[PDB]
Every structure is written in structure tokens, then in C-alpha cells.
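*Asks:* Following this message is one structure expressed as C-alpha cells.
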Amino acid sequence: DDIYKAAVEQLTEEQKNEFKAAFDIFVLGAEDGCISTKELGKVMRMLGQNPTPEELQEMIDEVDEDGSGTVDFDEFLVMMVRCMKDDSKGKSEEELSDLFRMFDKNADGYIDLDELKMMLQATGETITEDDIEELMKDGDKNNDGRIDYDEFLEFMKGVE
Amino acid sequence: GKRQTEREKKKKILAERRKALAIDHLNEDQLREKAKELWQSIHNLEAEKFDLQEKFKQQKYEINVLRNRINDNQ
Amino acid sequence: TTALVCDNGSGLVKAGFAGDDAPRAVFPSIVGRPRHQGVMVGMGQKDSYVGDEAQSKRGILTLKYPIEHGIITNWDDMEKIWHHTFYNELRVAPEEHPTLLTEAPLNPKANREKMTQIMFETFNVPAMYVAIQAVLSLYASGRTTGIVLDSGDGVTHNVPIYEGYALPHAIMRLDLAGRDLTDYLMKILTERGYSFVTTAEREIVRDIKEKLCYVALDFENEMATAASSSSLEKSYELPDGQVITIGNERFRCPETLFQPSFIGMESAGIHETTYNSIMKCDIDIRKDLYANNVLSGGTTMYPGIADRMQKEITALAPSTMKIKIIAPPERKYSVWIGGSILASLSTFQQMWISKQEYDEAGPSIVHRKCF
Amino acid sequence: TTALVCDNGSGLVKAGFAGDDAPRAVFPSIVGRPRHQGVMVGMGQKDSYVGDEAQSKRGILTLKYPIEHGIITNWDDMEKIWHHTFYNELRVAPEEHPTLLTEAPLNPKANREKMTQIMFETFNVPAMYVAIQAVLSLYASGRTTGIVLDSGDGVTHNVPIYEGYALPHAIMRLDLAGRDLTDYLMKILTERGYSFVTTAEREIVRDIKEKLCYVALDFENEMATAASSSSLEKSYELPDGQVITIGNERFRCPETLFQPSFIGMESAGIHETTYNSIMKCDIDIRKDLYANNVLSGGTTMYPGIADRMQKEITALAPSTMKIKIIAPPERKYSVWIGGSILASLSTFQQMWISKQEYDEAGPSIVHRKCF
Amino acid sequence: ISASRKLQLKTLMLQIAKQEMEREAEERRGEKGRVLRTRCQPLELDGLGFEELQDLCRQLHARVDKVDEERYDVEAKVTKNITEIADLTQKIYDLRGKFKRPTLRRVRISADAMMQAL
Ligand SMILES: Nc1ncnc2c1ncn2[C@@H]1O[C@H](COP(=O)(O)OP(=O)(O)O)[C@@H](O)[C@H]1O
Ligand SMILES: Nc1ncnc2c1ncn2[C@@H]1O[C@H](COP(=O)(O)OP(=O)(O)O)[C@@H](O)[C@H]1O
Ligand SMILES: [Mg+2]
Ligand SMILES: [Mg+2]
Numbered sequence: 002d003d004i005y006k007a008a009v010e011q012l013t014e015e016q017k018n019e020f021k022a023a024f025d026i027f028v029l030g031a032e033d034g035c036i037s038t039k040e041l042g043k044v045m046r047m048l049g050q051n052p053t054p055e056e057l058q059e060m061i062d063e064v065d066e067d068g069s070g071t072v073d074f075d076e077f078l079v080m081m082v083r084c085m086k087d088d089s090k091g092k093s094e095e096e097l098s099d100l101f102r103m104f105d106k107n108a109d110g111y112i113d114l115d116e117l118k119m120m121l122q123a124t125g126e127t128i129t130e131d132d133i134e135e136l137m138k139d140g141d142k143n144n145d146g147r148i149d150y151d152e153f154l155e156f157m158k159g160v161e
Numbered sequence: 202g203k204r205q206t207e208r209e210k211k212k213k214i215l216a217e218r219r220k221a222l223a224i225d226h227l228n229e230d231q232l233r234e235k236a237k238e239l240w241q242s243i244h245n246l247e248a249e250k251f252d253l254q255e256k257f258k259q260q261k262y263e264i265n266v267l268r269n270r271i272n273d274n275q
Numbered sequence: 005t006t007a008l009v010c011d012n013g014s015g016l017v018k019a020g021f022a023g024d025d026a027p028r029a030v031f032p033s034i035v036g037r038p039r040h041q042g043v044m045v046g047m048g049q050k051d052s053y054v055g056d057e058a059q060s061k062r063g064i065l066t067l068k069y070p071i072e073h074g075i076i077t078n079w080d081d082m083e084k085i086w087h088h089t090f091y092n093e094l095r096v097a098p099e100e101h102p103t104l105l106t107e108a109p110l111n112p113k114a115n116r117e118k119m120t121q122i123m124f125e126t127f128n129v130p131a132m133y134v135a136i137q138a139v140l141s142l143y144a145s146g147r148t149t150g151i152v153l154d155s156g157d158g159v160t161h162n163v164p165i166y167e168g169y170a171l172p173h174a175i176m177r178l179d180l181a182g183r184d185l186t187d188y189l190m191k192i193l194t195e196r197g198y199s200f201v202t203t204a205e206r207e208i209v210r211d212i213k214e215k216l217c218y219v220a221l222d223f224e225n226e227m228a229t230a231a232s233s234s235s236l237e238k239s240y241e242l243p244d245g246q247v248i249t250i251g252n253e254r255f256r257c258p259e260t261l262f263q264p265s266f267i268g269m270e271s272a273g274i275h276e277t278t279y280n281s282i283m284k285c286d287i288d289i290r291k292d293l294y295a296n297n298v299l300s301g302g303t304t305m306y307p308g309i310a311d312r313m314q315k316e317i318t319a320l321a322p323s324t325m326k327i328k329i330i331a332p333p334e335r336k337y338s339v340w341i342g343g344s345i346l347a348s349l350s351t352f353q354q355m356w357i358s359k360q361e362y363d364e365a366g367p368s369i370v371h372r373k374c375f
Numbered sequence: 005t006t007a008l009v010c011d012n013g014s015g016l017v018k019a020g021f022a023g024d025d026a027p028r029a030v031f032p033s034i035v036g037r038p039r040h041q042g043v044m045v046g047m048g049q050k051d052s053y054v055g056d057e058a059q060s061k062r063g064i065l066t067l068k069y070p071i072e073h074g075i076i077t078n079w080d081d082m083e084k085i086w087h088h089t090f091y092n093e094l095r096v097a098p099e100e101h102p103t104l105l106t107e108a109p110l111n112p113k114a115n116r117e118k119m120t121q122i123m124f125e126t127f128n129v130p131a132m133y134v135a136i137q138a139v140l141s142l143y144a145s146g147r148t149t150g151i152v153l154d155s156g157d158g159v160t161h162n163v164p165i166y167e168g169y170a171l172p173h174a175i176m177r178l179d180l181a182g183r184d185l186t187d188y189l190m191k192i193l194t195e196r197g198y199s200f201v202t203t204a205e206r207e208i209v210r211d212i213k214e215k216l217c218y219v220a221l222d223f224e225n226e227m228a229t230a231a232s233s234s235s236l237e238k239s240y241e242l243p244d245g246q247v248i249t250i251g252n253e254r255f256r257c258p259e260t261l262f263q264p265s266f267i268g269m270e271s272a273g274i275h276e277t278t279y280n281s282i283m284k285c286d287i288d289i290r291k292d293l294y295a296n297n298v299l300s301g302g303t304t305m306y307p308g309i310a311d312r313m314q315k316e317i318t319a320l321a322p323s324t325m326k327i328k329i330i331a332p333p334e335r336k337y338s339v340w341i342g343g344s345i346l347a348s349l350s351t352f353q354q355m356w357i358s359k360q361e362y363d364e365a366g367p368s369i370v371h372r373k374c375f
Numbered sequence: 042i043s044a045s046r047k048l049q050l051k052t053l054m055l056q057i058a059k060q061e062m063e064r065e066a067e068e069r070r071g072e073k074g075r076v077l078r079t080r081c082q083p084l085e086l087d088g089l090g091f092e093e094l095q096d097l098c099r100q101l102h103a104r105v106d107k108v109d110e111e112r113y114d115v116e117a118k119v120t121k122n123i124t125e126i127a128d129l130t131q132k133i134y135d136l137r138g139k140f141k142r143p144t145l146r147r148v149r150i151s152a153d154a155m156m157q158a159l
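Taken in sequence, the protein lines are chains H, J, D, E and I. When we follow the deposited numbering, the leftmost residue of the first sequence carries the number 2, and every step to the right adds one. When we follow the deposited numbering, the leftmost residue of the second sequence carries the number 202, and every step to the right adds one. When we follow the deposited numbering, the leftmost residue of the third sequence carries the number 5, and every step to the right adds one. When we follow the deposited numbering, the leftmost residue of the fourth sequence carries the number 5, and every step to the right adds one. When we follow the deposited numbering, the leftmost residue of the fifth sequence carries the number 42, and every step to the right adds one.
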């Protein structure tokens, strides 16, 4: 969404040098970026980042949607920067505790995924296929019929 | 742990350790000043005990969460 | 609101709301401070584990019961036990619930007065009432007469009751109980090589006693049989392996009840103090007491005691009277079931010691009309 | 600021800043003065090469370890080693960094007091803390119970811990370790013709031991097999050629751990001092210690030791208990990883021995509450 | 699954969180002022004689003692249940975070970048 566009706008130069080193290493002369996912993963490892082998597989399986290997550096670098963590721990657990204190309108020691739906609807936000279903599925991820405090934590932990 | 000590502590804070003082034995302006001062101090104490009740509510909610986590954890 | 039927006991604290069938939370009454040094930092080590938590960390604790023989010897620990019982095992604040404690007969006054003072000052209950542990066990049987032998873990007492009129001059309280049987078993196990010394290993010996020991119908014949055959030797696996084999220690441990000379006590067994308690009663209610002998308490759960006791009393009693021993399967919680029934009665609802009454007469109110 | 987690050890000094995964600089702890005369002028020849520099010029030096068995026997050399560690391998002045040394259990007091006095007077650190080398190795495993066998290069010690409460009466410290195995290997190599005598060639024998030796699962069968076939003879190239072939010396060198009678020591092997250390513990925590036996230290890196030790303990222990031996792949640096974790804790941040405290009570502060 | 979904969800969640934060803060301020007003009854600058001054002064001294004892008592209750809450926090951490304690590390950071040292 707009987050990746903004991140593109606010390109950090310290990471920009690493990405251009990747450009130098992978590109072999007017190279249109065939997306060597092995090369991309080794580049991520070399540049100090610690991508998971699962992240490596995700990058393997989420590339070359054009089918021609050669990929615009725009979306490639969007994937590269977002795969790299750029955030601070996603708020504080005490902050989350106080927020849940606000959000326990049911006052039953927890909140509800249905309560989450009602509050988000009260926020007047778009609900779609990307919304609605998996939002409540992962809010009450353990599927207790309601979102416990730890469930609310694990729904959106480490996210800005 | 010698609940006699706890009882005597409570009673001292009730009567001795609390700022208890006979003061309505003074001249006019001074008496008004002292009355205003004590009333304002007790008003601040009203604010303090209102927050005491508020945070006690919060602790009750926290123990509700605590029991919830306990039950979900076993 | 509902009443809290607590039952301090000595060895197992049994509690629960009035009007149910079984206590909600049953857990040993032990408070054990750690005894070693402790090197891990931030492990969250507390200073005293009470209740059932200290039966799992007992390897590094020094468990000590706060109730010796009915009486309470360590008031701080007992207060800690009560606080745990109210807040963590039932999770009901005591400010909104009447309480019904239980107390053995013939106990020191100061114990009862301190109990009521604690309940009214520290926990600040609305109203509490103290009842004798045998009348409740008679409630639970659904009788109204009968002589009840409530052999707990601290003290064994034998209260005869007729038509609802208790006979205060015929109560025979004897201080042999389950704890002395545990100590005697731990002392006779040393005759095979197994030495249990630590206060934590007393729990292991208690488990051995519960699971293996039984009361012999005839003592001499069993002693002769166990000394010739080997059909009695039952084995048991310690908490670490190294199984042990108990021979004629099986029926010698609970035999102490009928021959208190084994542990050096002078008095007569539980088979003869019941007959003496009956004979102190009037001559016209002895038949009913003979026919309605009630057993209660934990220690009367030994397999085969309801027959040995009947045989002994039939030997002592006149040949014409019929001797019947009531041994309900819910023996252990009989006192608490009776307590629940008593607290659920409408006629009893005005016998509680209301707090304003305590404020006017002090803790000595318990000995007064509100008994 | 960040803390310096130094770990003196005996054989390899491991150091690094708190909060990382591996020590920053690992180098042998040897200080070797030159022994020949020296004829080139202006070559810039120093008077003592310490650390990893003296493992490259060892041909003309006389290396001598400053730590014999845990204890420190030559304080000037140890001070030199510490100075090198701080200034050249980490390049951080000690005036701005807390330090966390490590010490074996049951060591002389004077050693620890002199260590703290040096750290506070010569290097002038802000605050230092001394920790037992086994508790850290238990930290690194992420456990909170378990009995850890930390077979270093100087001394092998076996500290049992339960629920964070260390058991001071069950620590079994044995002075057989990697150095004695090196000497015994150097002594049995002479049975084929290879003679290593110089203190420099002890390093070559150590390399042979590290690269070739392994612990046999069953000793007699291996002795019989190596005496008939020749499938075990592995060759190794000295620092100058002349390859050597090690026969049944391969599994006879590390077998000394389980039979200390080989080097004339009386005591029982590391397979039986662990069982003895367990049996001294209370009867209720033996199952947990059986299930969480932890290995650490360098010398426990022999290929095939985690199976031999488990077989031996299973032979000794009761048949019902489950015996499990935790052998993490990062065994060598386990103590230092645990030290980093402990120094990174917030709860631990107030346990350091602050300098003003030392100024008020002298070096004997270490035995006091700040342990 | 698109992470833009999570980004949008967190935007809405942050909006809800801030709204409820300001809402509860404002509620607390208003209710606090209301309670103080209805309880801290004003003291007046005129209308009482010296005898009336003394009378109302000692009456409010008694009222001050009443509310001071009440608030100290409830403060003691707050402290004791707060100790209990702390104990339960320790216990629940022992329930959950006992094994998570060693998990805290910052590792394999610099030594991976030290191949040119030799
Ligand atoms: N199934 C059993 N078999 C034999 N003895 C038992 C059994 N259950 C409990 N006991 C003994 O009874 C004691 C518990 O008695 P209990 O009735 O709880 O005492 P109290 O009157 O204090 O509640 C235990 O200490 C144990 O020694
Ligand atoms: N891979 C290995 N295989 C066998 N033995 C080893 C190995 N690595 C180290 N050792 C032995 O362990 C010793 C190092 O032990 P270490 O844990 O460094 O001792 P310390 O506790 O003093 O740090 C060396 O002297 C060596 O004999
Ligand atoms: Mg009883
Ligand atoms: Mg070591």
C-alpha cells in the first residue's frame, strides 16, 4: 500500500548503499534483474541482515510474477526493504496492556474478536476480503471465542 | 507475623501517625486560614482516594486478566 | 448471599460454599520456607509456599504444620493458610461472606477466641460461627442420635448425642490420630533398612500408610501368618525408584489405634473408649447408641476397620444388644458435608455471631449464648 | 554502558561484551619468555609474548600457564594476561566498564580476594562481580534445574541446582581435567617411539588429542578390536612432516576420565561422581536431576562422550528413572554465553560490587552479601 | 498474505487506541473534578460570625478526620491488594516467562564481520 511508497520516498542512505552494492553484484551489465533469489538471499546475508530461510523461501516464491525473471527495481527494492526490519519493537507491552484496558468494554478480563469488528466498524474503515475474515481469525488466533489480552498481543505484536 | 504489630500500625496511622491535631482554638483570620488549609488538604486527599479507587479497579481488572491467563494456561 | 463453610482440620484444609456435595478445594495445610541458599537470580522465588504448592517443591523446603493437636501453635502461619484459602483457592473476598469454622471438643479457649478475633479483624467477615466437629458429622449421616467417633489426623474424639441433646459429661477426647500413626510407621520401617528422617519424607511415609496399610481383623493370627508365608508383602515405588517391600508392617501401623501401648500411650484403644463413652451415658439410651455408632474422619478409612471395631465392641457389650457401625463411603468429607447442611438451614440463620455483637462484647462473645 | 564478561578459565581466556552470542577474543593463556640468547640487533624483541602471539613463536619460548588448577599460582603473569586482554584484544579501557569474572567452586579465598583487589586497584574498574562457573553454564541452557558437569581444562566440578536453589553440600570437585589428559597422552605416545618433552611440544600433543582422540562406547571391546584389525589407526602430520600413526592411544587417552586410576588418581570417574553428587541431594528432586543432566566445558567435546556417560549412569541409576544428557553444540563457550545472559539482566544490575563499597570494607567484601 | 493489510489494520488500531486514550483521560479528568466538587465542599469568605467560624471550623475538622481515616483505610487496602497483584504478576511470569528468561540475546552481530582480522 501507501506504506511502501512512503518508504521508497524516505530511502535511508545507509541501507541505500547496501542496496546499490546488491545492484553492482547482481547486475552484470545492462542486466534487467532476472531475480536470482539465491543471489538476493546471499546479498541479504552479506549485507549484515539475517533473513530467515523461511524469508528466503518467501522471496523465492514471491518473485518473477512477470514470469520473465527480469523485474523492475521498484517492486524488487520494495520487497527488499520491507523484508528488512525497519521499526522499533511495535509499541510497548505496557502500552498494549493499557490499550486493552481501554478496549475491554465487555469488562470481562478480555475483549472479543466480534468486539474488535464492532470497534473497527465504528472507526468507519473499509472491510473487504483482505479484511473481515482473517482479521478476526488472527485476533482470536487460538479461537477461544473472544480475544484474550495475550491474544490481542500476539495479533499485532512488533507492528508499528 | 505478630498481627498485633499490624493492628497497632493501622491504629497509629488512624490516630497518631495521621496528621491529627486540635486547631479550632484560634483567632478569626487565622482560624479561617487553618480551616481553608485543612479542607484543601483533605480535598487533595479526596483526589488521592478517588485515584485509589480508580487504580484498585485497574488492579481488579488486572487480576481478572490474571485468572483468565491462568485458566487458559492450564 | 452464600456462606463459606471452611474446616481447618489438621492435615487437610477443606473448604467450599454452603449447599454443595463436596468441598471445592482440598489441600494440605503446610507452610514451608526454603532452606538452601539459592543462586539463580530473578527466578521469582517466594519466601513461603503454602498449601498444595509446597507439596510439589517439597524437595527443598522444610514443611511444618501450623496445627499440632487440634490446637493452633503458630498463629502467623495459620493466618497465612486462611489468606491463601480465601483468596487463591476460592477467589472470594471474605468481606461479603459468612464463615463457619470447626473446632475439636475440649480445646483451649484462647485458641477459639483468637480464631474469632482474627476472622473479625484481619479478614473482616460479616459473621462467623464455630461448631464442634462431631455434631456436623452426625448431621451428614442424616441421623439425630448416635455416638460419633471422629478420628481425624490431629485428635480422635468421641461425642455421644441423643435426640439432639449432647451429653457433655461423656466426651472422651484422645490425642492419638493419623499423625502419630505416620510417625510410628516411619519408626517401624527402620526394621527393614529404610530410613526416612527429613520432614519432606514424612509425606512419603504418609503416602505409604494411605496406600498399603490395613487393619487386621485378628491381630495374632495375622502376625503368625505374615511370619510364615509371604502372601502379604506388597511393594511400593519411591519417588525415585528403589521399590520397597512392606511385610507385617502393613497391619502393625494402624493396630496402634486399638493398642495405644505401642507408641507408649497409656490409654485404651478406640475400641474401648467408645464403650466407656457409652457406659457413662444414662441407662435408657444405651441401646440406641449401640445401634447407631457412627464413624467419621480420615483415619477411619483403613480397609477392614468397620469389622474389627464391631467385633471388639460386640465382645465388650452385653450379648443381647445389636451393635451396628455406620461407615458411609464419604467418610473423609463427612464433617464438611454436615457443615454445608447446617449452614444451609433456615432455622440456623439467626445463630451467627454478627459483627456488631462482637464489637459490643469483645472476642469473649464466642463462649456466650452464641456458642 | 556495556559490561565486560571476562572468563579467565585455564587454558583459553574467553572475553567479550555482554549481550552477544560468542566471545569476541579467544586465545590461549600462556606467557612465554624467550630462552635463547639472541644475536640480531634492533629486531624489536620483547621480553614476554602473551596470548596468541606466543603460540606462533613457541619454537624459541618457554610457555608457562599462569593458572594451574583453577587457582592462580603466578600473579604477575595473570596481571599481564588481563592487561593484554583488556587493551589489545578488546581495546576498551577498563575505567568505563563493569567486569564479571568467573571462578571455580571450592577455590581458596585468597585467590578471589587478590583477584578483586587487582581489578579494583590496578585496572581500576567501576564494579566487578565474581560468579561460579557452573551457574552460568546452567543459564546458557535456558533451564532452571539440573546438575551441570563442567569439565574444563583445569578442574572438573559438578554443581547440582534445583529450582534456582543451589545445594552447597553436594558439590563434587575433582581435579582431573584436560591438562592431565594431555600429559597422559604425551606419556602413552612414548610406547610407539614418539617422544615429546619440551613445553612447546605439549601444544602439539594437545592438538593431537583434540583432533584424533574419541571416547569409546565400550572400553574392552575397543581394546580387543584395535588389537586385531587396523581400522582405527589414524595418521597425523607433525609441524615439520614425519607423519605419526596413533593406534589404540586414540580412546585410551580420554578413557582416563572414567577410570582415574590410569594416572594414579584414587577417585572415581566422571560417570560415578555425578551419581554420587545426585545421591547426596534430597530424595524428591532426584528425578529432575536425572532428567536434566547438563554437560559443559571444553573437555566434554570428545566425540561419543554423551553416549558413554548416559550408558554408565543408566547402569548405576534405578531402572525406572529416565536419564537424559543435555549436550548443546555450543559446549565450549557455554559458560561465557551464560555469563553474557546474566550480565544482560535487569534484575542483576544492582548486585555488582560498587567501588565505594570496596573502599569501605576492603577486599574481603567479596565473601559478604555481594557474593 | 499481503502485509499492507496489517499496515492498514494497525493504522486503524492506532487511531482507535489514541481515541480511547484521550477519551478515558478526559473522562477521568471530568469525573475527578465532579467528585472533588461534590465532596470538597467550598469554604466561604463571609456570612459566619467568629462563633460560627469556630463552629464550622471544628465541624469540618471532624469531617476532615472522617475522610482522612476513610482514605487512609482505602489506601491501605490499595497497598495490600497491590502487593497481591505484584505477587500474582510474579507467579504468572513464573507460569509463562520462566523458560522465556534465557531467550534474551543480541548475538552473531560483529564477529561475522571480522574475517580480515587475521
Ligand atoms: N484413604 C486413606 N487411608 C488411610 N488413611 C488415610 C486415608 N486418607 C487419609 N488418611 C489419613 O487421614 C488424615 C487426613 O485426615 P482428615 O480427616 O483430613 O483430618 P482433619 O480432621 O484434620 O481434616 C491423613 O493425614 C491420613 O494420614
Ligand atoms: N574439540 C575438542 N576436542 C577435544 N578436546 C578439546 C576440544 N576443544 C578443547 N578441548 C580441550 O579442552 C580444553 C579447553 O577447555 P576450556 O573449556 O577452554 O577450559 P576453561 O574452562 O579453562 O575455559 C583444551 O585444553 C583442550 O584440551
Ligand atoms: Mg476432622
Ligand atoms: Mg570453564
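Don't be surprised by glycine CBs; every beta carbon is placed ideally from N, CA and C.
Any residue with its Cβ nearer than 5 angstroms to a heavy atom of ligand 2 should be included. What is that list in chain order?
*Replies:* E:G13, E:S14, E:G15, E:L16, E:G156, E:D157, E:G182, E:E214, E:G301, E:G302, E:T303, E:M305
*Asks:* Examine the Cβ distances between the segment 33–43 of chain H and the segment 2–13 of chain H and report whether three or more of them are shorter than 8 angstroms.
*Replies:* no
*Asks:* Give me the subset of the segment 87–109 of chain I whose CB atoms are less than 7 angstroms from a CB atom of chain J, sorted by chain position.
*Replies:* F91, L94, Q95, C98, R99, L101, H102, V105, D106, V108, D109
*Asks:* Any idea which residues DSSP pairs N297 (chain D) with across the strands?
*Replies:* Translated into positions along the third sequence, residue 297 (chain D) becomes position 293. Partner residues in the beta bridge of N297 (chain D), as assigned by DSSP, are D:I151, D:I329.
*Asks:* Leaving aside the five residues before and after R28 (chain E) along the sequence, list all residues of the same chain whose C-beta is less than 8 angstroms from its C-beta, in chain order.
*Replies:* Along the fourth sequence, one-based indexing puts residue 28 (chain E) at 24. Same-chain partners within the cutoff: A19, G20, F21, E93, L94.
*Asks:* For chain J, check one thing: does any of its Cβ atoms lie closer than 9 angstroms to the Cβ of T120 (chain D)?
*Replies:* In the third sequence, residue 120 (chain D) corresponds to position 116, counting from 1. No, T120 (chain D) lies away from the interface with chain J (no Cβ there is under 9 angstroms from its Cβ).
*Asks:* Can you grab the Cα-Cα spacing for the pair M190 (chain D) / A144 (chain E), in whole Å?
*Replies:* Taking the third sequence and counting its residues from 1, one reaches residue 190 (chain D) at position 186. Taking the fourth sequence and counting its residues from 1, one reaches residue 144 (chain E) at position 140. Cα to Cα, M190 (chain D) sits roughly 42 angstroms from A144 (chain E).
*Asks:* Please list the partners that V139 (chain E) has in chain D, where partner means a Cβ-to-Cβ separation under 8 angstroms.
*Replies:* For the purposes of this step, residue 139 (chain E) is identified with residue 135 of the fourth sequence, where counting begins at 1. Residues of chain D passing the Cβ test: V43, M44.
*Asks:* In chain J, which residues lie less than 8 angstroms from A117 (chain I) when you measure between Cβ atoms?
*Replies:* As a first step, residue 117 (chain I) must be located in the fifth sequence, where it is residue number 76. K211, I214, listed in chain order.
*Asks:* Helix, strand or coil: how does DSSP classify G197 (chain E) here?
*Replies:* Here residue 197 (chain E) refers to the residue found at position 193 of the fourth sequence. In this structure, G197 (chain E) counts as coil in the three-state DSSP scheme.
*Asks:* Could you say if the segment 277–288 of chain E and the segment 216–229 of chain E meet the contact criterion of at least three C-beta pairs nearer than 8 angstroms?
*Replies:* No: the two stretches stay apart, fewer than three of their Cβ pairs being nearer than 8 angstroms.
*Asks:* Apply the 10 Å Cβ neighbour rule to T77 (chain D) and answer buried if 16 or more other Cβ atoms are within range, or exposed otherwise.
*Replies:* Within the third sequence, numbered from 1, the residue matching residue 77 (chain D) stands at position 73. Its Cβ having fewer than 16 others within 10 Å, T77 (chain D) is exposed.
*Asks:* Taking C-alpha atoms, which residue in D:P109, D:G15, D:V163, D:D292 lies nearest to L67 (chain D)?
*Replies:* Looking up residue 67 (chain D) in the third sequence gives position 63. Nearest of D:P109, D:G15, D:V163, D:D292 to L67 (chain D), Cα basis: D:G15.
*Asks:* So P54 (chain H) is in the beta strand (DSSP E); what residue range does that whole segment cover?
*Replies:* On the first sequence, position 53 is the one that residue 54 (chain H) refers to. From DSSP, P54 (chain H) is part of no beta strand (DSSP E) but of the alpha helix (DSSP H) over 54–62.
*Asks:* For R95 (chain D), would you say it is in contact with chain J, using Cβ-to-Cβ distances shorter than 9 angstroms as the test?
*Replies:* As a position in the third sequence, residue 95 (chain D) is number 91, starting the count at 1. Cβ-Cβ to chain J under 9 angstroms: yes for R95 (chain D).
*Asks:* Hey, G74 (chain E) and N111 (chain E) are a contact pair by Cβ (cut 8 angstroms); roughly how many whole angstroms apart?
*Replies:* Residue numbering aside, residue 74 (chain E) sits at position 70 when the fourth sequence is read from its first letter. Residue numbering aside, residue 111 (chain E) sits at position 107 when the fourth sequence is read from its first letter. Taking the Cβ atoms as the reference, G74 (chain E) lies roughly 5 angstroms from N111 (chain E), within the contact range of under 8 angstroms.
*Asks:* Using only alpha-carbon positions, find the residue among J:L222, J:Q275, J:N265 that is nearest to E125 (chain I).
*Replies:* What you label residue 125 (chain I) is simply residue 84 of the fifth sequence in a count that begins at 1. Comparing Cα positions, the closest option is J:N265.
*Asks:* Can you list the residues of chain I that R270 (chain J) reaches, using a CB-CB cut of under 8 angstroms?
*Replies:* Taking the second sequence and counting its residues from 1, the one referred to as residue 270 (chain J) is at position 69. Within 8 angstroms Cβ-Cβ: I133, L136, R137.
*Asks:* On the three-state DSSP scale, how would you describe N162 (chain D)?
*Replies:* By one-based count along the third sequence, residue 162 (chain D) stands at place 158. It is a strand residue.
*Asks:* Within the present structure, is the beta-carbon of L349 (chain E) separated from the nearest heavy atom of ligand 1 by less than 8 angstroms?
*Replies:* Numbered from 1 along the fourth sequence, position 345 holds the residue referred to as residue 349 (chain E). No, the Cβ of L349 (chain E) stays beyond 8 angstroms of every heavy atom of ligand 1.
*Asks:* Quick check on the burial criterion: 16 or more other C-beta atoms within 10 angstroms. Buried or exposed for residue 376 (chain D)?
*Replies:* As shown, chain D starts at 5 and ends at 375. That puts residue 376 (chain D) outside it, with no answer to give.
*Asks:* Just checking: is the beta-carbon of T144 (chain I) within a distance shorter than 9 angstroms of some beta-carbon in chain E?
*Replies:* As a first step, residue 144 (chain I) is located in the fifth sequence; it is residue number 103 there, counting from the start. Answer yes: the Cβ-Cβ gap between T144 (chain I) and chain E drops below 9 angstroms somewhere.
*Asks:* Return the bridge partner residues of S358 (chain D) from the DSSP annotation.
*Replies:* Numbered from 1 along the third sequence, position 354 holds the residue referred to as residue 358 (chain D). The partner list for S358 (chain D) (beta bridge, DSSP) reads D:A131.
*Asks:* Could you check if residue 37 (chain I) is buried or exposed, using at least 16 other CB atoms within 10 Å of its CB as the buried criterion?
*Replies:* For chain I, the structure presents residues 42 to 159; residue 37 (chain I) sits outside this window and is missing.
*Asks:* Exposed or buried, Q205 (chain J), counting other C-beta atoms within 10 Å across all chains shown (16 or more means buried)?
*Replies:* Position 4 of the second sequence, counted from the start, is the residue given in the question as residue 205 (chain J). Flag for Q205 (chain J) reads exposed.
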